[PDB]
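S.K.:
Given below as structure tokens:
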């Protein structure tokens, strides 16, 4: 069901990350790269229920 | 004098609900030592009927059957039965006169008027005054009723004296301002009475101006009721010894289960050229000698005593809940708080076959030593007691749980459990349940702090 | 002068408090580089100081 | 002193270093190189 | 001098199995009698028989 | 009767009150104890 | 006479005499009214002992005489013992709120809750711990709660008394919070419990047959909030024949002397009455002795 929800959400797998880079990612790391082009600027959103 | 009259009027006050008639008592050096009498905190006493259950619990049946269930989380039945057992006893009045005296002389120094049938010169080393109220259910009274005494020192210790009411009311019922008339009438006779085990006698008083003399109760002592009251007292005593029976049959079971090739679970250097036929023969000769010297003051009884406490059962559930959890996640260890079994207090039975002197209650602090350390048994002072080197000993180890080790010399051990499922529950509590501390003079209000010195109403000083 | 106009997003232990107060976000594991714009509105252990 | 000086090492990077000191299949010393001693700090947010 | 070290795997085998047979035959002759309840019970019952 | 060890070779000790030594009862004292256990009953 | 001098053992640096001039018109308990004392009998640290009792401190603090602090000179500090009815200035240090026209008395320092532990005069092995100057409603509440918490804790296991104490040990007065550190059962406490039981039972004997049943008559007639609140506990407990009014007068006079003897067990003597307070509440003028 995780594979199906990744297919339905557009975000791919967590690529079987290294067990030491989880400490990297909780220490702080930029992950999501840029897009190909931007004619507006940087994106911004959030959500509340 | 001080407690007798007051508790007499108090039982006259409270006679309507529970028909308790007073028994005015004094004790001596035969009951307890002088040091034990100087620091006796308070006294508990229990009315238990001829059927042998209680006066606190339910009349028909109880939630105290289903014999033991052999559990750790409830581990007796939970603490509701502990609340029941607290509700059985009552806290009677209490007064110590720690100074040598003659009793009839002392009542002559007070306002009491003494007249016995013949002058009995009684002379003891101190005096402690206690009154007991045995509860007649109806107006009538059963001869095979029995009593209990508990003497509490502030360390938490207790001593249980038990006896029937038949010897208390044997000769008495066969012959049969209020504070000013009570001294003028005074005592009629003085009577000593042993317990059911003849290990201690104690003296009772009998006032003629008591309200016991006008109640007109009826007294009967039927032999089949005496026959069942000793049977109920049989199971009360047997709760200590058939547990020792349950240890011994466990050893004979697991040794037949293993087949005679028992492993090592304790750290000892050994020697191969030493003979072992001599060592196996001293196992059998000493194992029976432990059963010959079995007593309530033993390690396996001291193993149970923290488990029959108030906050024991919930903390025991907290122990497995801390174990039976997931490993700490990578998100947990960086931002969660810091997360917490170094050494444990074990109790030990040391038997010795060379001199037949067996030591029953021994504190042992044992812990896992490093580099595949099986077990090592130190004292309270790190002494590393080293009895299990010698050929003359065999030793039994128990845990705060029901885990059990029978260790041969050379540190070879038999790892098994303690089964108590054959034992019922209501006799398991009343022998050795850990009773709670009740606040008295010189006690801190909040639960545990730097406690001050003992009260010690003693005779070396003045009272003040 | 009501009690709360969003009772799924105000209590200590709701959905939004466990999603945006930074203490529980650290307790779940998250990129510290990602700016979440609701973090300034649910950082109740910082505005309390 | 172990519970003392841990109570001043409370931040995320300190316990991350504590995790990386035990999350290796290797031992410690092959991942450790010495640099010397500090003589002046500047009190930044990433302190010089 | 000459001492072995306390490992876990080192055990003590059966003493030619006849002494363990003697333990079992000691159990079956221990089973009849020796309760230690009955000595206390006939003590207190002879005490209440004498009073 | 003889034990089954793990190490092939035994070692020496230094007689501390910390290392748990085996008993020192060479040949006479164990015979004395077996005669004792014979005559105790 | 009144001016007594206290010398010191250690030397005086500038910060210590500065903290002393911060204690001008403070209050320090002195024993025996001696003309010359050392600094070891100064203050309260010679008698403080944790896990010894709050009640014995509350007793023996009240027996030491009181003085004020002024006119430091170097290796000596002057104490002027106050006289009756004269107007002095008092600088408080116990952070309780003061108002004008209000009475004041002295309690031993119950710790504030953060454990501030402000010794405010540093030495090696001795600190000048100060007595609290507390207005009469808060101090009377402290005395009444100490007596109640002493009376309830008899013949009780730890759990129920702990559940009642963790609420009962806290107290507020004009946005504050206090606890009581050493509330133990003492001999003075037990003899005061004995005095309270004897006096309150003597009240129970000296009630007439109409003042026992007055509240039942009001519960018959009216229904008010305090009526229902009293009648609730009263029901949890559960025409006049002869009226000789002089016997009711004598019964009420005996009941009055018994209620005075009961009330004296918590209510002390007023030892300071304020006149005006500074709005920063660090000093106020008071007209009484110590």
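Protein chains in written order, with the entry's author numbering: chain A, 1127 to 1175; chain B, 1 to 176, 301 to 464, 468 to 591; chain C, 1225 to 1273; chain D, 98 to 145; chain E, 13 to 63; chain F, 2 to 42; chain G, 5 to 242, 255 to 306. Built from N, CA and C at the ideal position, the CB exists for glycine as well.
Given that residue 1157 (chain A) touches chain D, what residues does it touch there, using C-beta distances under 7 Å?
M.R.: None at all; the shortest Cβ gap to chain D is about 17 Å.
S.K.: Throw me the rounded Cβ distance for the residue 104 (chain B) and residue 122 (chain B) pair, which I believe falls under 8 Å.
M.R.: 7 Å
S.K.: Run through the DSSP bridge pairs and tell me what residue 102 (chain B) is partnered with.
M.R.: B:123
S.K.: Mind checking whether residue 54 (chain G) and residue 261 (chain G) have CB atoms under 8 Å apart?
M.R.: no
S.K.: Taking the Cβ atom as the reference point for each residue, do residue 26 (chain G) and residue 293 (chain G) lie within a distance shorter than 8 Å?
M.R.: Going by C-beta atoms, residue 26 (chain G) is not nearer than 8 Å to residue 293 (chain G).
S.K.: Just confirm the distance between the C-beta atoms of residue 270 (chain G) and residue 94 (chain G), as a whole number of angstroms; I'd bet it's less than 8 Å.
M.R.: With a Cβ gap of about 40 Å, residue 270 (chain G) and residue 94 (chain G) do not count as contacting.
S.K.: May I ask you to report which of helix, strand or coil DSSP gives residue 74 (chain G)?
M.R.: strand
S.K.: Within the 8 Å Cβ cut-off, does residue 36 (chain F) reach chain B?
M.R.: no
S.K.: Ignore the nearest five residues each way along the sequence and tell me which others in residue 363 (chain B)'s own chain have a CB closer than 7 Å to its CB.
M.R.: 550, 554, 555 and 558
S.K.: Identify whether residue 471 (chain B) lies in helix, strand or coil by the three-state DSSP scheme.
M.R.: strand
S.K.: Nearest chain B C-beta to residue 56 (chain E) closer than 8 Å, yes or no?
M.R.: yes
S.K.: At least one CB of chain B closer than 8 Å to the CB of residue 1131 (chain A): is that the case?
M.R.: For residue 1131 (chain A), the answer is no, since every Cβ of chain B falls outside 8 Å of its Cβ.
S.K.: Taking DSSP as the reference, what is the three-state secondary structure of residue 247 (chain G)?
M.R.: Residue numbering in chain G breaks between 242 and 255, and residue 247 (chain G) falls inside that break, so it has no position here.
S.K.: Let me check one thing: in DSSP terms, what residues is residue 93 (chain G) bridge-paired to?
M.R.: G:301
S.K.: Using 8 Å for Cβ pairs, my map puts residue 110 (chain G) next to residue 65 (chain G). What's the rounded Cβ distance?
M.R.: 7 Å
S.K.: So which residues on chain B does residue 1152 (chain A) lean against when the C-beta distance must stay under 9 Å?
M.R.: 454, 455, 458 and 459
S.K.: Out of curiosity, what's the CA-to-CA distance linking residue 172 (chain B) and residue 156 (chain G)?
M.R.: 41 Å
S.K.: By the criterion of Cβ-Cβ separation under 8 Å, what are the contact partners of residue 120 (chain D) in chain A?
M.R.: 1145, 1146 and 1149
S.K.: Which class does residue 235 (chain G) belong to by DSSP, given the choice of helix, strand or coil?
M.R.: helix
S.K.: Is it the case that the Cβ atoms of residue 316 (chain B) and residue 333 (chain B) are separated by a distance below 8 Å?
M.R.: no
S.K.: Scan the segment 5-77 of chain G and note each continuous beta strand (DSSP E) run of 3 residues or more that stays entirely inside, going in chain order.
M.R.: 7-11, 31-34 and 69-76
S.K.: In chain A, what lies closer than 8 Å to residue 111 (chain D) by C-beta?
M.R.: Those within 8 Å of residue 111 (chain D) in chain A number zero; the least Cβ separation is about 11 Å.
S.K.: Can you tell me the Cβ-Cβ gap for residue 34 (chain G) and residue 71 (chain G), rounded? I've got them flagged as a contact below 8 Å.
M.R.: About 5 Å separates the two Cβ atoms, so the contact holds.
S.K.: So residue 311 (chain B) packs on residue 330 (chain B), CB below 8 Å; how close in whole Å?
M.R.: Right, their Cβ atoms sit about 6 Å apart.
S.K.: Cβ atoms of residue 117 (chain D) and residue 1155 (chain A): under 8 Å apart, would you say?
M.R.: no
S.K.: Report the three-state DSSP secondary structure of residue 191 (chain G) (helix, strand or coil).
M.R.: helix
S.K.: Go ahead and label residue 17 (chain G) buried or exposed: buried means 16 or more other beta carbons lie within 10 angstroms of its beta carbon, across all protein chains shown.
M.R.: exposed
S.K.: For the alpha helix (DSSP H) holding residue 277 (chain G), just list the boundary residues, first then last.
M.R.: Element bounds for residue 277 (chain G): 261-279.
S.K.: Quick check on the DSSP output: what are the complete alpha helix (DSSP H) runs of length 4 or more inside the segment 385-459 of chain B, in order along the chain?
M.R.: 401-416, 423-428, 436-447 and 454-459
S.K.: How about the segment 349-356 of chain B and the segment 533-543 of chain B: do they share at least three Cβ pairs that are nearer than 8 Å?
M.R.: no
S.K.: Is the beta carbon of residue 20 (chain E) less than 8 Å from the beta carbon of residue 501 (chain B)?
M.R.: yes
S.K.: Assuming residue 251 (chain G) and residue 48 (chain G) make a contact with CB atoms under 8 Å, what is their CB distance in whole Å?
M.R.: Placed between 242 and 255 in the numbering, residue 251 (chain G) has no coordinates, as chain G goes from one to the other without interruption by modelled residues.
S.K.: Between residue 23 (chain G) and residue 125 (chain G), which are expected to be in contact by the criterion C-beta below 8 Å, what is the C-beta distance as a whole number of angstroms?
M.R.: With a Cβ gap of about 5 Å, residue 23 (chain G) and residue 125 (chain G) count as contacting.
S.K.: Give the DSSP-derived three-state secondary structure of residue 20 (chain B) in the structure shown.
M.R.: strand
S.K.: What's the C-alpha gap between residue 267 (chain G) and residue 224 (chain G)?
M.R.: Approximately 25 Å, taken between the alpha carbons.
S.K.: Any idea if residue 98 (chain B) is buried or exposed, counting beta-carbon neighbours within 10 angstroms, 16 or more meaning buried?
M.R.: buried
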